[PDB]
file run-v2.cif (mmCIF, C-alpha atoms)
data_protein
loop_
_atom_site.group_PDB
_atom_site.id
_atom_site.type_symbol
_atom_site.label_atom_id
_atom_site.label_comp_id
_atom_site.auth_asym_id
_atom_site.auth_seq_id
_atom_site.Cartn_x
_atom_site.Cartn_y
_atom_site.Cartn_z
ATOM 1 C CA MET A 1 -11.829 -64.572 62.164
ATOM 2 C CA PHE A 2 -14.334 -67.227 61.046
ATOM 3 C CA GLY A 3 -12.917 -70.490 59.728
ATOM 4 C CA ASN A 4 -13.487 -69.734 56.039
ATOM 5 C CA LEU A 5 -16.804 -68.240 54.938
ATOM 6 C CA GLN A 6 -16.704 -70.477 51.871
ATOM 7 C CA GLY A 7 -19.550 -72.969 51.875
ATOM 8 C CA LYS A 8 -21.544 -70.761 54.205
ATOM 9 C CA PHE A 9 -24.652 -68.701 53.553
ATOM 10 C CA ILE A 10 -26.158 -65.642 55.197
ATOM 11 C CA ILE A 11 -29.884 -65.165 55.690
ATOM 12 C CA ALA A 12 -30.734 -61.627 54.678
ATOM 13 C CA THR A 13 -34.284 -61.995 53.381
ATOM 14 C CA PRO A 14 -34.902 -58.642 51.614
ATOM 15 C CA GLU A 15 -38.197 -56.789 51.981
ATOM 16 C CA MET A 16 -38.500 -56.873 48.201
ATOM 17 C CA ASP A 17 -36.000 -54.633 46.406
ATOM 18 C CA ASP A 18 -36.630 -55.328 42.693
ATOM 19 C CA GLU A 19 -36.866 -59.086 43.289
ATOM 20 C CA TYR A 20 -40.308 -60.584 43.900
ATOM 21 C CA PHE A 21 -39.962 -64.301 44.687
ATOM 22 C CA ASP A 22 -37.597 -65.961 42.193
ATOM 23 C CA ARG A 23 -34.611 -67.001 44.329
ATOM 24 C CA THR A 24 -32.764 -64.644 46.678
ATOM 25 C CA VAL A 25 -29.192 -65.249 47.971
ATOM 26 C CA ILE A 26 -27.402 -68.603 47.752
ATOM 27 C CA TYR A 27 -23.886 -68.800 49.291
ATOM 28 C CA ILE A 28 -20.451 -67.253 49.876
ATOM 29 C CA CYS A 29 -17.763 -68.221 47.371
ATOM 30 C CA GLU A 30 -14.627 -67.661 49.468
ATOM 31 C CA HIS A 31 -13.012 -65.649 52.275
ATOM 32 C CA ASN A 32 -9.618 -64.055 51.679
ATOM 33 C CA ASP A 33 -7.423 -61.242 53.039
ATOM 34 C CA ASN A 34 -8.236 -59.257 49.900
ATOM 35 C CA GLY A 35 -11.935 -59.532 50.683
ATOM 36 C CA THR A 36 -14.965 -61.794 50.862
ATOM 37 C CA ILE A 37 -16.307 -63.131 47.571
ATOM 38 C CA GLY A 38 -19.969 -64.098 47.507
ATOM 39 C CA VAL A 39 -23.233 -63.884 45.599
ATOM 40 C CA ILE A 40 -25.749 -62.491 48.077
ATOM 41 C CA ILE A 41 -26.412 -58.997 46.701
ATOM 42 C CA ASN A 42 -29.557 -60.074 44.805
ATOM 43 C CA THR A 43 -30.141 -58.190 41.571
ATOM 44 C CA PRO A 44 -32.009 -59.978 38.732
ATOM 45 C CA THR A 45 -31.871 -58.741 35.155
ATOM 46 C CA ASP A 46 -34.468 -58.623 32.372
ATOM 47 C CA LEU A 47 -32.317 -60.957 30.295
ATOM 48 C CA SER A 48 -32.800 -64.707 30.207
ATOM 49 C CA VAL A 49 -30.147 -67.435 30.354
ATOM 50 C CA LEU A 50 -31.235 -69.012 27.058
ATOM 51 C CA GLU A 51 -31.828 -65.545 25.606
ATOM 52 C CA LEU A 52 -28.146 -64.634 25.695
ATOM 53 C CA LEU A 53 -27.079 -68.095 24.536
ATOM 54 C CA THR A 54 -29.293 -68.191 21.447
ATOM 55 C CA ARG A 55 -28.733 -64.496 20.748
ATOM 56 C CA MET A 56 -24.931 -64.816 20.571
ATOM 57 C CA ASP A 57 -23.547 -67.995 19.004
ATOM 58 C CA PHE A 58 -25.299 -70.769 20.889
ATOM 59 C CA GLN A 59 -28.368 -70.675 18.691
ATOM 60 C CA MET A 60 -28.912 -74.425 18.570
ATOM 61 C CA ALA A 61 -29.959 -75.247 22.115
ATOM 62 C CA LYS A 62 -32.831 -77.339 23.482
ATOM 63 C CA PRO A 63 -35.605 -74.975 24.704
ATOM 64 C CA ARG A 64 -38.116 -76.800 22.494
ATOM 65 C CA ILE A 65 -41.523 -75.304 21.717
ATOM 66 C CA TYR A 66 -41.920 -74.310 25.367
ATOM 67 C CA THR A 67 -40.361 -70.904 24.628
ATOM 68 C CA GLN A 68 -40.209 -70.279 28.398
ATOM 69 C CA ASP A 69 -36.829 -69.278 29.822
ATOM 70 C CA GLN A 70 -34.969 -68.607 33.067
ATOM 71 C CA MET A 71 -33.890 -65.114 34.030
ATOM 72 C CA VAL A 72 -30.217 -64.442 34.630
ATOM 73 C CA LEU A 73 -29.169 -62.548 37.742
ATOM 74 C CA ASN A 74 -26.217 -60.282 38.407
ATOM 75 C CA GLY A 75 -23.994 -61.692 41.118
ATOM 76 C CA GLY A 76 -22.367 -58.356 41.814
ATOM 77 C CA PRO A 77 -20.493 -55.378 40.310
ATOM 78 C CA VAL A 78 -17.277 -57.410 40.216
ATOM 79 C CA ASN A 79 -16.385 -59.987 37.535
ATOM 80 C CA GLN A 80 -19.233 -58.763 35.309
ATOM 81 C CA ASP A 81 -17.118 -59.992 32.402
ATOM 82 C CA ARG A 82 -18.024 -63.618 33.026
ATOM 83 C CA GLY A 83 -21.124 -65.636 33.767
ATOM 84 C CA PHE A 84 -20.700 -68.059 36.633
ATOM 85 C CA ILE A 85 -22.682 -71.298 36.565
ATOM 86 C CA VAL A 86 -23.060 -73.201 39.821
ATOM 87 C CA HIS A 87 -24.073 -76.827 39.324
ATOM 88 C CA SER A 88 -24.153 -80.151 41.135
ATOM 89 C CA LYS A 89 -22.292 -83.413 40.496
ATOM 90 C CA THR A 90 -23.299 -85.137 37.275
ATOM 91 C CA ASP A 91 -21.423 -88.076 35.749
ATOM 92 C CA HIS A 92 -17.614 -87.755 35.638
ATOM 93 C CA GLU A 93 -16.984 -84.674 33.517
ATOM 94 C CA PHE A 94 -14.756 -81.797 34.609
ATOM 95 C CA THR A 95 -12.636 -79.510 32.421
ATOM 96 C CA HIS A 96 -12.946 -75.923 33.666
ATOM 97 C CA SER A 97 -14.538 -76.096 37.091
ATOM 98 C CA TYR A 98 -13.598 -74.458 40.380
ATOM 99 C CA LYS A 99 -14.185 -76.335 43.623
ATOM 100 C CA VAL A 100 -16.619 -74.638 45.947
ATOM 101 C CA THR A 101 -17.160 -77.895 47.758
ATOM 102 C CA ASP A 102 -17.054 -81.586 46.786
ATOM 103 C CA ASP A 103 -20.381 -81.772 44.911
ATOM 104 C CA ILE A 104 -20.751 -78.075 44.137
ATOM 105 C CA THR A 105 -18.697 -77.071 41.139
ATOM 106 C CA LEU A 106 -18.353 -73.548 39.794
ATOM 107 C CA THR A 107 -18.018 -73.464 36.016
ATOM 108 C CA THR A 108 -17.743 -70.193 34.107
ATOM 109 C CA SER A 109 -15.333 -70.560 31.180
ATOM 110 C CA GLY A 110 -16.247 -72.730 28.194
ATOM 111 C CA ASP A 111 -16.879 -75.985 30.071
ATOM 112 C CA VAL A 112 -20.518 -75.075 30.745
ATOM 113 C CA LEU A 113 -21.219 -75.089 26.985
ATOM 114 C CA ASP A 114 -19.793 -78.590 26.861
ATOM 115 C CA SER A 115 -21.905 -79.686 29.822
ATOM 116 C CA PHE A 116 -25.460 -79.143 28.558
ATOM 117 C CA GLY A 117 -26.367 -80.690 25.228
ATOM 118 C CA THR A 118 -25.217 -84.181 26.114
ATOM 119 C CA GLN A 119 -26.067 -86.782 28.780
ATOM 120 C CA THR A 120 -23.334 -85.402 31.035
ATOM 121 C CA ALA A 121 -25.369 -82.243 31.533
ATOM 122 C CA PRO A 122 -25.856 -81.385 35.236
ATOM 123 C CA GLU A 123 -29.367 -81.862 36.621
ATOM 124 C CA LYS A 124 -29.495 -78.461 38.248
ATOM 125 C CA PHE A 125 -27.477 -75.323 37.574
ATOM 126 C CA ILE A 126 -27.755 -71.608 38.322
ATOM 127 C CA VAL A 127 -26.155 -68.753 36.402
ATOM 128 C CA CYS A 128 -25.032 -65.374 37.728
ATOM 129 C CA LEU A 129 -23.133 -62.612 35.938
ATOM 130 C CA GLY A 130 -20.297 -61.398 38.141
ATOM 131 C CA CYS A 131 -20.003 -61.651 41.919
ATOM 132 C CA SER A 132 -19.886 -59.378 44.963
ATOM 133 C CA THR A 133 -16.789 -58.641 47.020
ATOM 134 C CA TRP A 134 -17.331 -57.521 50.600
ATOM 135 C CA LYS A 135 -14.799 -55.455 52.544
ATOM 136 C CA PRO A 136 -12.003 -57.535 54.154
ATOM 137 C CA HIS A 137 -13.029 -58.726 57.636
ATOM 138 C CA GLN A 138 -16.020 -56.334 57.606
ATOM 139 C CA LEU A 139 -18.713 -58.971 57.043
ATOM 140 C CA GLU A 140 -17.314 -60.856 60.034
ATOM 141 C CA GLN A 141 -18.048 -57.893 62.300
ATOM 142 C CA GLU A 142 -21.468 -57.333 60.732
ATOM 143 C CA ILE A 143 -22.359 -60.962 61.478
ATOM 144 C CA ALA A 144 -21.113 -60.371 65.027
ATOM 145 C CA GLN A 145 -23.691 -57.573 65.319
ATOM 146 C CA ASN A 146 -26.272 -60.260 64.535
ATOM 147 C CA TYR A 147 -27.254 -58.162 61.518
ATOM 148 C CA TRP A 148 -26.671 -61.208 59.341
ATOM 149 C CA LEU A 149 -27.876 -64.732 60.018
ATOM 150 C CA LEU A 150 -24.957 -67.048 59.465
ATOM 151 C CA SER A 151 -25.478 -70.715 58.690
ATOM 152 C CA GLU A 152 -23.327 -73.385 57.074
ATOM 153 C CA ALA A 153 -24.248 -75.115 53.844
ATOM 154 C CA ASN A 154 -23.665 -78.832 54.226
ATOM 155 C CA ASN A 155 -22.890 -79.699 50.582
ATOM 156 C CA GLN A 156 -26.297 -81.155 49.605
ATOM 157 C CA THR A 157 -28.025 -78.506 51.730
ATOM 158 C CA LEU A 158 -26.564 -75.825 49.455
ATOM 159 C CA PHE A 159 -28.001 -76.946 46.143
ATOM 160 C CA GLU A 160 -30.402 -79.820 46.856
ATOM 161 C CA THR A 161 -31.648 -79.601 50.462
ATOM 162 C CA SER A 162 -33.846 -82.739 50.541
ATOM 163 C CA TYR A 163 -33.990 -82.457 46.717
ATOM 164 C CA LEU A 164 -37.500 -82.036 45.294
ATOM 165 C CA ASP A 165 -38.464 -78.350 45.376
ATOM 166 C CA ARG A 166 -38.071 -75.530 47.878
ATOM 167 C CA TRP A 167 -38.699 -71.848 48.443
ATOM 168 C CA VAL A 168 -37.498 -69.897 51.502
ATOM 169 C CA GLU A 169 -35.373 -73.007 52.079
ATOM 170 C CA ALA A 170 -32.487 -70.875 53.350
ATOM 171 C CA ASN A 171 -34.740 -69.517 56.093
ATOM 172 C CA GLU A 172 -36.147 -72.986 56.778
ATOM 173 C CA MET A 173 -32.681 -74.555 57.042
ATOM 174 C CA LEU A 174 -32.426 -73.017 60.502
ATOM 175 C CA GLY A 175 -36.080 -73.461 61.398
ATOM 176 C CA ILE A 176 -38.018 -70.399 60.239
ATOM 177 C CA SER A 177 -35.913 -67.738 61.915
ATOM 178 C CA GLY A 178 -36.992 -64.119 62.071
ATOM 179 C CA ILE A 179 -35.905 -60.932 63.849
ATOM 180 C CA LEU A 180 -32.362 -59.452 63.766
ATOM 181 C CA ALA A 181 -32.513 -57.632 60.427
ATOM 182 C CA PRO A 182 -35.715 -55.509 60.244
ATOM 183 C CA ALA A 183 -35.702 -53.371 63.376
ATOM 184 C CA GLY A 184 -36.688 -50.007 61.958
ATOM 185 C CA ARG A 185 -34.893 -48.253 64.795
ATOM 186 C CA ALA A 186 -32.857 -45.633 62.964
ATOM 187 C CA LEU A 187 -33.405 -42.418 64.901
ATOM 188 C CA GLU A 188 -33.198 -43.267 68.596
#
call {"tool": "encode", "arguments": {"input": "run-v2.cif", "output": "structure tokens"}}
result
Amino acid sequence: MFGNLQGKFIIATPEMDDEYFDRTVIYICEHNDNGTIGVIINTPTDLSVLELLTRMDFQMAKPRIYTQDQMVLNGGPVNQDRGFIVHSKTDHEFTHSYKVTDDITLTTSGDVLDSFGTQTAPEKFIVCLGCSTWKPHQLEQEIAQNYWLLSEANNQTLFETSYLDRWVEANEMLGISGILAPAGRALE
């Protein structure tokens, strides 16, 4: 059942699998009869967020002489047509944003280009191309197997969590939890 998997996150913690250290898993978008929409697959690309912007028709951005960029990740095989930007509350702008929670706003169409470039630009934002859709009700059973570590994301906990800097924060949110994922007991 589960009272809406939206605003929740699951602690997978991959062994490695292409990714090395630069952010792994964030949250579940929603939970519907048609399936469970979330970005927890983890699959980074060799393309950068500013790379695609400047390459297309957003040439005049503000990367300055730093030249450094942020890599864009694929959120899943579904909705690959659109890049989803998750950001926090900033000022009182809002044109094309979908409510994940009160502070967390999902912007993908147009509005994001309006956001950054002015003083109403969100402090922090993450971009993912597409999203993943899990089988209807399946994830619920998988979590019941204790194969997935389920924890809620209390608004600020999702995007800020104390707000300063964090790595492995998702695993720390519970209190450094291990076991129940890597068992290595296949043939037995």
call {"tool": "closest_residue", "arguments": {"input": "run-v2.cif", "among": "A:102, A:178, A:185, A:85", "to": "residue 14 of chain A", "atoms": "all atoms listed in the file"}}
result
A:178
call {"tool": "atom_distance", "arguments": {"input": "run-v2.cif", "atom1": "atom CA of residue 8 of chain A", "atom2": "atom CA of residue 154 of chain A"}}
result
8.3 Å
call {"tool": "closest_residue", "arguments": {"input": "run-v2.cif", "among": "A:51, A:9, A:33, A:180", "to": "residue 144 of chain A", "atoms": "only C-alpha atoms"}}
result
A:180
call {"tool": "closest_residue", "arguments": {"input": "run-v2.cif", "among": "A:83, A:63, A:44, A:7", "to": "residue 131 of chain A", "atoms": "only C-alpha atoms"}}
result
A:83
call {"tool": "atom_distance", "arguments": {"input": "run-v2.cif", "atom1": "atom CA of residue 112 of chain A", "atom2": "atom CA of residue 74 of chain A"}}
result
17.6 Å
call {"tool": "resolve_selection", "arguments": {"input": "run-v2.cif", "expression": "the PyMOL selection byres ((chain A and resi 172) around 12)", "output": "ChimeraX atom specification"}}
result
/A:11,13,151,157,161-162,166-171,173-178
call {"tool": "closest_residue", "arguments": {"input": "run-v2.cif", "among": "A:66, A:43, A:136, A:55", "to": "residue 16 of chain A", "atoms": "only C-alpha atoms"}}
result
A:43
call {"tool": "atom_distance", "arguments": {"input": "run-v2.cif", "atom1": "atom CA of residue 76 of chain A", "atom2": "atom CA of residue 134 of chain A"}}
result
10.2 Å
call {"tool": "closest_residue", "arguments": {"input": "run-v2.cif", "among": "A:88, A:31, A:124, A:21", "to": "residue 3 of chain A", "atoms": "all atoms listed in the file"}}
result
A:31
call {"tool": "closest_residue", "arguments": {"input": "run-v2.cif", "among": "A:95, A:101, A:24, A:70", "to": "residue 41 of chain A", "atoms": "only C-alpha atoms"}}
result
A:24
call {"tool": "resolve_selection", "arguments": {"input": "run-v2.cif", "expression": "the PyMOL selection byres ((chain A and resi 30) around 9)", "output": "number ranges by chain"}}
result
A: 4-8, 28-29, 31-32, 35-38, 100
call {"tool": "write_last_selection", "arguments": {"input": "run-v2.cif", "atoms": "C-alpha atoms", "output": "PDB file, in the frame of the given file"}}
result
ATOM      1  CA  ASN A   4     -13.487 -69.734  56.039  1.00  0.00           C
ATOM      2  CA  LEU A   5     -16.804 -68.240  54.938  1.00  0.00           C
ATOM      3  CA  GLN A   6     -16.704 -70.477  51.871  1.00  0.00           C
ATOM      4  CA  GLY A   7     -19.550 -72.969  51.875  1.00  0.00           C
ATOM      5  CA  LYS A   8     -21.544 -70.761  54.205  1.00  0.00           C
ATOM      6  CA  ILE A  28     -20.451 -67.253  49.876  1.00  0.00           C
ATOM      7  CA  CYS A  29     -17.763 -68.221  47.371  1.00  0.00           C
ATOM      8  CA  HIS A  31     -13.012 -65.649  52.275  1.00  0.00           C
ATOM      9  CA  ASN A  32      -9.618 -64.055  51.679  1.00  0.00           C
ATOM     10  CA  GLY A  35     -11.935 -59.532  50.683  1.00  0.00           C
ATOM     11  CA  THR A  36     -14.965 -61.794  50.862  1.00  0.00           C
ATOM     12  CA  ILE A  37     -16.307 -63.131  47.571  1.00  0.00           C
ATOM     13  CA  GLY A  38     -19.969 -64.098  47.507  1.00  0.00           C
ATOM     14  CA  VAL A 100     -16.619 -74.638  45.947  1.00  0.00           C
TER      15      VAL A 100
END
call {"tool": "residues_near_point", "arguments": {"input": "run-v2.cif", "point": "(-20.1, -84.6, 41.8)", "cutoff": "9 Å", "atoms": "all atoms listed in the file", "output": "PyMOL selection string"}}
result
chain A and resi 88-93+102-105
call {"tool": "residues_around", "arguments": {"input": "run-v2.cif", "residues": "residue 106 of chain A", "least_positions_apart": "4", "cutoff": "7 Å", "atoms": "all atoms listed in the file", "output": "number ranges by chain"}}
result
A: 84-87, 97-100
call {"tool": "build_atoms", "arguments": {"input": "run-v2.cif", "residues": "segment 152-186 of chain A", "atoms": "N, CA and C atoms", "output": "short mmCIF file (atom, residue, chain, number, x, y, z; two decimals), in the coordinates of the input"}}
result
data_model
loop_
_atom_site.label_atom_id
_atom_site.label_comp_id
_atom_site.auth_asym_id
_atom_site.auth_seq_id
_atom_site.Cartn_x
_atom_site.Cartn_y
_atom_site.Cartn_z
N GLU A 152 -24.18 -72.64 57.97
CA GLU A 152 -23.33 -73.39 57.07
C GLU A 152 -24.16 -74.12 56.04
N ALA A 153 -23.58 -74.36 54.88
CA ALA A 153 -24.25 -75.11 53.84
C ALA A 153 -23.59 -76.47 53.70
N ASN A 154 -24.24 -77.50 54.22
CA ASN A 154 -23.66 -78.83 54.23
C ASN A 154 -23.83 -79.50 52.87
N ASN A 155 -22.99 -79.09 51.92
CA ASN A 155 -22.89 -79.70 50.58
C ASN A 155 -24.26 -79.85 49.89
N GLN A 156 -24.99 -80.92 50.20
CA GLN A 156 -26.30 -81.16 49.60
C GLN A 156 -27.27 -80.05 50.00
N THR A 157 -27.15 -79.55 51.22
CA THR A 157 -28.02 -78.51 51.73
C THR A 157 -27.96 -77.25 50.86
N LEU A 158 -26.80 -77.02 50.25
CA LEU A 158 -26.56 -75.82 49.46
C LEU A 158 -27.43 -75.82 48.20
N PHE A 159 -27.40 -76.92 47.47
CA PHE A 159 -28.00 -76.95 46.14
C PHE A 159 -29.24 -77.84 46.07
N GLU A 160 -29.30 -78.86 46.91
CA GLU A 160 -30.40 -79.82 46.86
C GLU A 160 -31.39 -79.61 47.99
N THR A 161 -30.86 -79.62 49.22
CA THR A 161 -31.65 -79.60 50.46
C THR A 161 -32.92 -80.45 50.34
N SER A 162 -32.78 -81.74 50.67
CA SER A 162 -33.85 -82.74 50.54
C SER A 162 -34.04 -83.16 49.08
N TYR A 163 -33.90 -82.20 48.16
CA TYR A 163 -33.99 -82.46 46.72
C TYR A 163 -35.41 -82.84 46.29
N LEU A 164 -36.17 -81.84 45.87
CA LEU A 164 -37.50 -82.04 45.29
C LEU A 164 -38.03 -80.70 44.78
N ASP A 165 -38.08 -79.72 45.68
CA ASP A 165 -38.46 -78.35 45.38
C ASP A 165 -38.49 -77.58 46.69
N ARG A 166 -38.09 -76.33 46.66
CA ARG A 166 -38.07 -75.53 47.88
C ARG A 166 -38.07 -74.04 47.58
N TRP A 167 -38.73 -73.30 48.45
CA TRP A 167 -38.70 -71.85 48.44
C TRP A 167 -38.59 -71.38 49.88
N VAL A 168 -37.74 -70.38 50.14
CA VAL A 168 -37.50 -69.90 51.50
C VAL A 168 -36.74 -70.98 52.29
N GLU A 169 -36.12 -71.88 51.54
CA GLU A 169 -35.37 -73.01 52.08
C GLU A 169 -34.22 -72.54 52.96
N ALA A 170 -33.59 -71.44 52.58
CA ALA A 170 -32.49 -70.88 53.35
C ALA A 170 -32.95 -70.46 54.74
N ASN A 171 -34.18 -69.96 54.83
CA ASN A 171 -34.74 -69.52 56.09
C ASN A 171 -35.24 -70.72 56.89
N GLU A 172 -35.63 -71.77 56.17
CA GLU A 172 -36.15 -72.99 56.78
C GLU A 172 -35.02 -73.88 57.29
N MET A 173 -33.85 -73.75 56.67
CA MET A 173 -32.68 -74.56 57.04
C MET A 173 -32.38 -74.44 58.54
N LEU A 174 -32.65 -73.26 59.09
CA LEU A 174 -32.43 -73.02 60.50
C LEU A 174 -33.66 -73.41 61.30
N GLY A 175 -34.83 -73.12 60.74
CA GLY A 175 -36.08 -73.46 61.40
C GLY A 175 -37.03 -72.29 61.46
N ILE A 176 -37.18 -71.59 60.33
CA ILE A 176 -38.02 -70.40 60.24
C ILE A 176 -37.59 -69.36 61.28
N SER A 177 -36.46 -68.73 61.01
CA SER A 177 -35.91 -67.74 61.92
C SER A 177 -36.25 -66.33 61.45
N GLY A 178 -36.74 -65.51 62.36
CA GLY A 178 -36.99 -64.12 62.07
C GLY A 178 -36.27 -63.22 63.05
N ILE A 179 -36.55 -61.92 62.98
CA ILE A 179 -35.90 -60.93 63.85
C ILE A 179 -34.41 -60.78 63.49
N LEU A 180 -33.78 -59.73 64.00
CA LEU A 180 -32.36 -59.45 63.77
C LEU A 180 -32.09 -59.19 62.29
N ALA A 181 -32.71 -58.13 61.79
CA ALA A 181 -32.51 -57.63 60.43
C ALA A 181 -33.44 -56.43 60.19
N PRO A 182 -34.77 -56.60 60.32
CA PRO A 182 -35.72 -55.51 60.24
C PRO A 182 -36.09 -55.01 61.64
N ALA A 183 -35.44 -53.94 62.07
CA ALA A 183 -35.70 -53.37 63.38
C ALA A 183 -36.43 -52.05 63.24
N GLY A 184 -36.06 -51.29 62.21
CA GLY A 184 -36.69 -50.01 61.96
C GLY A 184 -36.39 -48.99 63.04
N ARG A 185 -35.28 -49.18 63.74
CA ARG A 185 -34.89 -48.25 64.80
C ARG A 185 -33.68 -47.45 64.35
N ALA A 186 -33.93 -46.45 63.51
CA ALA A 186 -32.86 -45.63 62.96
C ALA A 186 -32.56 -44.44 63.86
#
